[PDB]
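First comes the structure, then the notes that go with it.
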Amino acid sequence: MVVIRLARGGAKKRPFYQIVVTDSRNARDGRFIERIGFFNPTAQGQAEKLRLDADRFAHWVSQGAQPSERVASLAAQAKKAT
Amino acid sequence: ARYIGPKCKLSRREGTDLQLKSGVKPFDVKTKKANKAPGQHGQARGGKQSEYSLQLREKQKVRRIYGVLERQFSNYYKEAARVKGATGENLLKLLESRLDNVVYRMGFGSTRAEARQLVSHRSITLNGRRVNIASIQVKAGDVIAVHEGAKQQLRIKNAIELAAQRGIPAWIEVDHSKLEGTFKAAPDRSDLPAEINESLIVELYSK
Amino acid sequence: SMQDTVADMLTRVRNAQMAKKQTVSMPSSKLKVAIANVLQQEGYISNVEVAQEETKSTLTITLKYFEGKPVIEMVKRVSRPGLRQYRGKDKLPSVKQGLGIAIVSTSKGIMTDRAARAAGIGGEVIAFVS
Amino acid sequence: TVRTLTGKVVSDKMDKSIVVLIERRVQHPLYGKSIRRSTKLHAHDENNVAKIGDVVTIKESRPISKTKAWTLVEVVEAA
Amino acid sequence: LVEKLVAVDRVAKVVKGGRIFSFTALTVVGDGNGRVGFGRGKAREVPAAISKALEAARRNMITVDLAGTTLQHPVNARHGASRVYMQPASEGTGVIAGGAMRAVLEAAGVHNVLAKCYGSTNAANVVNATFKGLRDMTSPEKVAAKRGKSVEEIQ
Amino acid sequence: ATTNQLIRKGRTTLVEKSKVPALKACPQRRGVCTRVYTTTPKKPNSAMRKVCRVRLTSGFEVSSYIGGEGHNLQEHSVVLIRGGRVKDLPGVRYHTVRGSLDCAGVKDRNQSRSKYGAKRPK
RNA sequence: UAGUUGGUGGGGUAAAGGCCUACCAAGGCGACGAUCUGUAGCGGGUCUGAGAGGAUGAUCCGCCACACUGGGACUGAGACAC
RNA sequence: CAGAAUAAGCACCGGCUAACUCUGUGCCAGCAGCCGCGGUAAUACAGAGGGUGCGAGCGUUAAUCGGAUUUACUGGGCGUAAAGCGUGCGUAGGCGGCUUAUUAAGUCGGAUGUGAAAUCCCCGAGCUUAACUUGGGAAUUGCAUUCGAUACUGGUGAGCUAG
Ligand SMILES: NCCC[C@H](N)CC(=O)NCCC[C@H](N)CC(=O)NCCC[C@H](N)CC(=O)N[C@@H]1[C@H](O)[C@@H](OC(N)=O)[C@@H](CO)O[C@H]1NC1=N[C@@H]2C(=O)NC[C@@H](O)[C@H]2N1
């Protein structure tokens, strides 16, 4: 089914995740439908830690996408921050 | 790597003082072989030189003054050419913005080699952190200071005493009492000595 | 046979200038008349006349000389029947950094390259003049 | 909102089918001289209206046979 | 007047009993602010050949109208089988040219230019072609005067 | 050529041939010394040049030059050959790497040792 | 090139279609290169070059194909299935 | 915390190309990318001294583009350097005189959609700096649809006489 999950980028021991909407059967870092934000667990200084597009997130959730547990937690955090 | 060896023969080959020694005694009295090349086949400065020889000998002088090797110097040239403005001015600003050069021009190091030794041994703090890289570029407004453990060192007092004799540079504002200075802005080409013909290095690398 | 009358006109003008003639005449057509008018407006020639005696019509151009040299130092056909050249508004050629003129046929008439750039249109590049 | 083409009929022998020859003028990719290119399309003619030499319009449709995927719309000019 | 020595060559002439050798020198002189010239000299010794070449170069001079320290417009020129192309450049470019072109351009006072040789690279012919191109290069004032327009009209 | 001729027939490009075909685009090749002998140079040179005939893994049978002074090669030795022309020995287009497989490094040298494969004396 | 090109009746498929079959017609492709033959996974890209071009298709991403060599089907939403 | 204590090699010096002498050998031994060195004073072979260029690397071989305007579209040639068929006629094709009306295929302009991400470039951000990672842009010079323009080329109709 359609899921919203994290795709791992960045470098060794400093991961940087893209939040993507994709078919669950695709490879983790491969084909995806839409990119709707990013997550940087080790951000510091002026670096932005989390960015999520709430409009597209809600649109895909209404269309039937299933967020992963981490993405759901990040969406809750973003809603709390905003 | 890093060049270790005799300093004065480099000055003799280049034909000019390269500030490699501290400067307690003049270069002429220090070497007694100035005006001659370091080789057994060495001649005076009046010998004929090709354009390639002139271009090469100009770049080597700057490299020997600043202690920079060929790969890092080429990277500096590429960065200067990428950045808009006079390429030679950008290259000289890049050389003067190095942390080890800035410490030497602050006067905590009697020689750029001594300043580099201090920076490597973490005797100097940039902003508020103990860095150990000599090639770190110093930006406008940065604050350079001496670590407390490194304070009270006879080499540092000797270096600041010699820096008092040397001309204090305009672009750096340094208090010697607490041993701390501020980099205000990049030096200008007019502020820099005029014996350097950076255009020769430019034509060398542009080929 | 004769298959490029514009090139014939340019060649006649060039040879007359090289031979120091004051006047050059040829069979006339509306395209050559338009090109001659553009040259006169740009100042490369003095006067353009058309004599219509009968079904035949003759075009006459008065040439200009300045300090012992012809005003037109270079005239070159660019588009030819064997290879036509069309350019957009962003690729119109510049003749020796704007000191010359490229004659361009556009949907709004025959004009110079800078006029075509100002009007924001392209067309067929007929000739380079300098 | 359908893709149409205009061409000349060069064959009408087979049942309910015509062969239309389309022509286009393009620039050579390297030498820049405009050249002529031609493609042959099989169309469907339900009533065999079209004839050899006419100028016809055809439009894209679902496949009708192995080689036919275009249908005749009208005869612009008759031979 | 800066003086540059483009080339020195040894030439031979055959007589009974052996060969007579001589030297030829090609020189370019220039003020560096729009005046340049070139010449050749032949003598049995290099100093005399160079002196004759310099004297001929001083007798053969022209005046060049530069746009600042660069060319007014791109130039194509040729002398015999040597063809040269020169093009204006922006500040900081320098003189990107071979030795023979470089002598003439530096003597004439060009500081930024991109240049190229096609065909033969014989020094005398290359110098001839560059010299002719520099002589024949024009300026907006001359163009406006010859067309009867104004400089702003010429654009 | 006219534009129409260029459209009808293009511009042909002549392919180039490798000067070292026995290597088959490899940097080096293994071989077995079929012969070890000596040849004479062409004019105006005169010397006694040391050459070997080697059968390569590529399938070719070529001749290679032995550089330096003094070599231990004999027939049935296993050697490594690289590119390089002598230009005074006709038909010799390859060199033998000193010190690789059975070739020994040249002795009594202390300058340019990396060529000829001489280790650093203590 | 003789299911070959088109048409009709029928079959068949999730679905258009000579995909299959029985009849009818003689059609269809080709110097704008058919047929045959050599080589080759394709693209985003990479290297070089002032540019135009030339060379290339590791590592990353998309598509395709294959699974000791050939021919098949079953189950299943989906395979002719490492 | 203890102690300078554990840490420097490789190629080259005839010209192209920065860096020169002495011994040994005498067309031998050998060097060599090209031109070329060696036959008793070898700056070109081998060693040494000195120097030059790089530096945890330094050289060689292989391979691609460049220099090569040396397949020339940009951007070459054919009297004698390589290059005009022995000469005509003619098929396909390429190109084609002047005026006028019309068409809008070529040509030009606008709008919309698309041209995945990564990569290249620019301004920032985080790595002690840099490599590297990353935000946003710019770019993707293309394709398609639709609406316009009519000078030139093409199509169609009419007319003309310099071919
Ligand atoms: N050659 C010997 C001929 C012997 C022959 N058997 C004689 C014969 O049989 N019958 C006699 C018939 C003679 C004929 N009708 C007249 C004639 O020849 N016209 C043409 C020659 C013009 C004039 N005469 C020579 C001339 O002006 N030279 C100058 C000169 O050298 C020099 O400038 C000065 N100022 O010194 C140089 C710049 O440095 O520019 C040259 N100019 C050029 N260089 C360029 C180049 O090569 N190509 C293209 C173009 O750009 C050229 N222009």
Side-chain angles (χ1 to χ4, degrees), chain A residues 9-11 14 16 29-32 35 38 40 43-48 51, chain B residues 1 37-41 50 52-53 56-57 69-70 75 99 126 129-133 135-137, chain C residues 1-3 5 27 29-31 34 55-57 79 81-82 84 86 88-89 105-110 120-124 126, chain D residues 13-17 19 23-25 30-32 34 36-38 40 42 62-68, chain E residues 114 118-119, chain F residues 3-4 6 10-14 20 23 25-28 44-48 67-69 82-88 95 97 108-112 114-115:
Chain A
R14 326 217 73 220
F16 188 95
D29 302 336
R31 179 170 153 177
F32 64 92
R35 190 268 217 161
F38 64 81
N40 187 13
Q44 60 231 12
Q46 294 192 246
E48 211 181 346
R51 175 142 92 219
Chain B
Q40 160 264 308
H41 275 298
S50 55
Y52 180 88
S53 167
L56 201 173
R57 278 262 69 76
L69 264 59
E70 184 55 34
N75 283 351
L99 184 60
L126 182 69
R129 298 165 295 103
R130 283 174 83 183
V131 308
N132 69 13
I133 289 146
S135 86
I136 291 177
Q137 294 279 288
Chain C
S1 59
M2 160 87 74
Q3 291 167 41
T5 71
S29 82
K30 60 196 268 222
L31 186 55
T55 41
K56 291 166 203 355
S57 163
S79 174
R84 303 253 182 219
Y86 307 106
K89 78 156 137 73
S105 194
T106 81
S107 55
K108 288 196 120 39
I110 293 196
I121 59 195
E124 175 176 356
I126 300 160
Chain D
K13 315 279 205 177
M14 40 197 185
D15 308 32
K16 320 196 183 208
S17 324
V19 181
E23 279 241 358
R24 61 219 158 81
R25 186 177 281 300
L30 184 64
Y31 298 126
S34 100
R36 298 209 272 81
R37 305 271 83 192
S38 89
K40 267 214 235 163
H42 295 194
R62 87 174 174 172
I64 292 131
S65 82
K66 179 180 200 157
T67 64
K68 310 167 44 183
Chain E
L114 308 161
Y118 309 107
Chain F
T3 304
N4 206 61
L6 287 178
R11 292 276 193 194
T12 207
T13 165
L14 317 167
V20 282
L23 293 194
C26 300
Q28 299 99 0
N45 290 12
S46 170
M48 227 55 231
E69 330 174 290
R82 65 171 167 84
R85 192 173 74 129
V86 192
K87 167 269 302 273
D88 88 1
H95 278 52
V97 180
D108 298 77
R109 307 217 32 165
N110 186 14
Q111 308 194 337
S112 325
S114 34
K115 319 143 141 190

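Quick note on labels: first sequence line is chain A, next is B, and so on, each numbered from 1.
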inquiry  = Taking the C1' atom in each of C20(H) and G15(H), what is the distance between them to the nearest angstrom?
reply    = 16 Å
ask   = For the pair made of CG in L6(F) and P in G93(H), what is the distance, rounded to whole Å?
value = 21 Å
task = Could you tell me whether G26(H) and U52(H) make a Watson-Crick or G-U wobble pair, using a cut-off of under 3.5 Å for both distances?
result = no
remark   = Taking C12(H), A162(H), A18(H) as options, the one with an atom nearest any side-chain atom of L56(B) is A18(H)
query = For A32(H), what is the paired nucleotide under Watson-Crick or G-U wobble rules, both distances under 3.5 Å?
reply = none
note = From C1'-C2'-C3'-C4' (positive north, negative south), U21(H) puckers north
query = Does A41(H) fall in syn (glycosidic angle within 90° of 0) or anti?
reply = syn
task = Indicate yes if the six-membered rings of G17(G) and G18(G) are centred less than 5.5 Å apart and inclined by less than 30°, otherwise no.
result = no
query = What's the base orientation of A139(H): syn (chi within 90° of 0) or anti?
reply = anti
inquiry  = Give me the distance, rounded to whole Å, that separates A144(H) from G136(H) when you measure between the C1' atoms they each carry.
reply    = 30 Å
inquiry  = Please give the distance between the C1' atoms of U103(H) and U153(H) as a whole number of Å.
reply    = 14 Å
query = Would you say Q40(B) reaches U21(H)'s phosphate, i.e. side-chain N/O to OP1/OP2 under 4.0 Å?
reply = no
key: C1' gap between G45(G) and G62(G), integer Å   = 12 Å
message = Under 4.0 Å from OP1 or OP2 of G6(G): is there any side-chain N or O of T67(D) that close?
response = yes
query = Pick one for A68(H): is it syn, with its angle within 90° of 0, or anti?
reply = syn
task = Mark yes or no for a side-chain to base donor-acceptor pair under 3.5 Å between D88(F) and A32(H), with no hydrogen or angle criteria applied.
result = yes
inquiry  = Using Watson-Crick or G-U wobble geometry with both distances under 3.5 Å, which nucleotide pairs with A144(H)?
reply    = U112(H)
ask   = Is any side-chain N or O of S46(F) closer than 4.0 Å to OP1 or OP2 of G38(H)?
value = no
Quick test: give all pairs of protein nitrogen or oxygen and nucleotides 4-7 of chain H nitrogen or oxygen below 3.5 Å, distance rounded to 0.1 Å.
none

inquiry  = According to a cutoff of under 5.5 Å between the ring centres and under 30° between the ring planes, does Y118(E) stack with the base of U69(H)?
reply    = yes
request  = Could you let me know what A131(H) is paired to, Watson-Crick or G-U wobble, both distances under 3.5 Å, or none if it's on its own?
outcome  = none
key: Any-strand Watson-Crick or G-U partner of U59(G), both distances under 3.5 Å   = none
key: Classification of the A79(G) sugar, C1'-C2'-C3'-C4' positive north, negative south   = south
Phosphate OP1/OP2 of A162(H) contacted by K56(C) side-chain N/O (<4.0 Å) = yes
note = When both distances are under 3.5 Å in a Watson-Crick or G-U wobble arrangement, the nucleotide paired with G53(G) is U48(G)
request  = Please state the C1' separation for the pair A46(H) and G66(H) - nearest whole angstrom.
outcome  = 39 Å
ask   = Between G55(H), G7(G), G30(H), which nucleotide has the shortest distance from any of its atoms to the side chain of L69(B)?
value = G55(H)
inquiry  = Using OP1 and OP2 only, check whether a side-chain N or O of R36(D) sits under 4.0 Å from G106(H).
reply    = no
Span that lies between the P atom of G3(G) and that of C19(G), in whole angstrom = 14 Å
request  = Mind calculating the distance between CD1 (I133(B)) and P (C127(H)) to the nearest angstrom?
outcome  = 13 Å
Residue met sooner reading RNA chain H from 5', once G83(F) and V131(B) are mapped to nucleotides = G83(F)
task = Respond yes when some side-chain nitrogen or oxygen of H41(B) is under 4.0 Å from OP1 or OP2 of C13(H), and no when none is.
result = no
message = If you compare every side-chain N and O of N4(F) against the phosphate oxygens of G93(H) (OP1, OP2), does one of them come in below 4.0 Å?
response = no
ask   = Is there a donor on the side chain of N45(F) or the base of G30(H) sitting less than 3.5 Å from an acceptor on the other?
value = no
query = With rounding to whole Å, what would you report as the distance between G142(H) and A92(H) at their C1' atoms?
reply = 35 Å
key: Nucleotide-resolved protein contact map, nucleotides 145-155 of chain H, B/S/- at heavy-atom distance under 4.0 Å   = ----BSBBS--
Distance test, side-chain N/O of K13(D) to OP1/OP2 of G6(G), below 4.0 Å = no
request  = Report yes or no: do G9(H) and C54(H) constitute a Watson-Crick or wobble pair with both atom distances shorter than 3.5 Å?
outcome  = yes
query = Is there a side-chain polar atom (N or O) of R109(F) under 4.0 Å from OP1 or OP2 of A46(H)?
reply = yes
task = Indicate yes if the six-membered rings of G76(H) and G77(H) are centred less than 5.5 Å apart and inclined by less than 30°, otherwise no.
result = yes
query = Given a cut-off of 3.5 Å on both distances, is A149(H) paired to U64(H) by Watson-Crick or G-U wobble rules?
reply = no
request  = Give a yes/no answer on whether the side chain of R130(B) brings an N or O atom under 4.0 Å of OP1 or OP2 in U128(H).
outcome  = no
ask   = Closest nucleotide of RNA chain G for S17(D) versus for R62(D): which of these residues is on the 5' side?
value = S17(D)
ask   = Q3(C) has an atom CD; how far is it from atom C1' of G97(H), in whole Å?
value = 11 Å
task = Between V19(D) and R24(D), name the one whose nearest nucleotide on RNA chain G is closer to the 5' end.
result = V19(D)
ask   = If you find the nucleotide of RNA chain H closest to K115(F) and the one closest to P27(F), which residue's nucleotide is nearer the 5' end?
value = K115(F)
ask   = Is there a Watson-Crick or G-U wobble pair formed by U61(H) and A104(H), both distances less than 3.5 Å?
value = no
ask   = Who does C160(H) pair with, Watson-Crick or G-U, both distances under 3.5 Å?
value = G97(H)
message = Can you tell me if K87(F) touches the phosphate of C34(H), counting only side-chain N or O atoms and a distance under 4.0 Å to OP1 or OP2?
response = yes
Distance below 4.0 Å between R57(B) side-chain N/O and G53(H) OP1 or OP2 = yes
task = If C1'-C2'-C3'-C4' is positive it's north, if negative it's south, so which is the sugar of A111(H)?
result = north
Identified pairing partner of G86(H), criterion: Watson-Crick or G-U wobble below 3.5 Å = none
side-chain N/O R85(F) vs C34(H) OP1/OP2, d < 4.0 Å = yes
remark   = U17(H): by the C1'-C2'-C3'-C4' sign convention (positive north, negative south), the sugar is south
query = Is the base of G17(G) syn or anti, where syn means the angle lies within 90° of 0?
reply = anti
inquiry  = Quick check on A8(H): from the sign of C1'-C2'-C3'-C4', north or south pucker?
reply    = south
Between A82(H) and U61(H) - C1' atom distance, rounded Å = 37 Å
request  = For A15(G), give its Watson-Crick or G-U wobble partner with both distances under 3.5 Å, or none.
outcome  = none
remark   = The contact string for nucleotides 132-141 of chain H, one letter per nucleotide 5' to 3', using protein heavy atoms under 4.0 Å with B, S and - for base, sugar-phosphate only and none, comes out as -SSSS-----
inquiry  = Could you tell me if the bases of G39(H) and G38(H) meet the stacking criterion, namely six-membered ring centres under 5.5 Å apart and ring planes under 30° to each other?
reply    = no
key: Chi class for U69(H): syn within 90° of 0, otherwise anti   = syn
Base pair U56(G)/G45(G) (Watson-Crick or G-U, both distances under 3.5 Å) = yes
ask   = Given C108(H), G18(G), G96(H), which nucleotide is nearest the side-chain atoms of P81(C)?
value = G96(H)
